[PDB]
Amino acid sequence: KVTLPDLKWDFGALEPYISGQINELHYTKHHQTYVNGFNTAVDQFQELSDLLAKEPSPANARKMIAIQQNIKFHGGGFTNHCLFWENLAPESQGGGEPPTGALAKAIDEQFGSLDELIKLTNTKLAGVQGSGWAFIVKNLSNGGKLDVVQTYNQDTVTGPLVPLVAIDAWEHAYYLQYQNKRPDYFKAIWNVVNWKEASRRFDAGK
């Protein structure tokens, strides 16, 4: 059974970049919905697995096929938002401060500068044509190199792709404050990105 994670900051601590009203809805309603949906999906899979074991029919296999979509969607919603809150922080907790150490070295070597990486990520965010996410990732399969990837809906990065910074591009992440002005949101959010957490994720490779 999963639950909402503890936040490291108060709902209004990311103002003026992200409003307290958005954070409260985003956490208490949206993230909670994924929590509930994931727990439900996993319970349903347990029931269907037990059913399939005693009656291993195509009919019962078809029922299991039907709920894996919910496990993927709600599981992704649960995990993506957990990553998101952990890579946000108010300026008083280091939000917006550049990364140091090995991550900073890799960023300059690969993208030239942090600003160039941020600009690339904002282009990737703008290019999400629907609901989705951008992630700055470390790829463990190609020698640990940085990349920026897009996902749709609540799809996430798995396997050798370790998420370092997750940025939510669903309209509920910004609409109450920015309405249609999504580039203003993508620009603003970097002021409260926690690069210390990004560096930790980079160093651990988890």
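Don't overthink the numbering: it's just position in the shown sequence, from 1.
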* Asked: Once you work out the mean C-alpha B-factor for both 146-154 and 51-59 from the entry, which is higher?
  -> 51-59
* Structure fact -> When mean C-alpha B-factors in the record are compared for 68-76 and 101-109, the larger belongs to 101-109
* Asked: Which one of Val128, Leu120, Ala89, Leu83 shows the biggest C-alpha B-factor in the PDB entry?
  -> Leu120
* Asked: Thinking about Cα B factors across the chain, which third does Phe11 belong to?
  -> highest
* Asked: According to the PDB entry, is the CA B factor of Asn139 in the bottom, middle or top third of its chain, that is, lowest, middle or highest?
  -> middle
* To do: Within this chain's modelled residues, let me know which third the CA B factor of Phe45 belongs to: lowest, middle or highest.
  => highest
* Position of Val35 among the chain's modelled residues by C-alpha B-factor, lowest, middle or highest third -> middle
* Asked: Hey, what third does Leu176 fall into on Cα B-factor, ranked over its chain?
  -> lowest
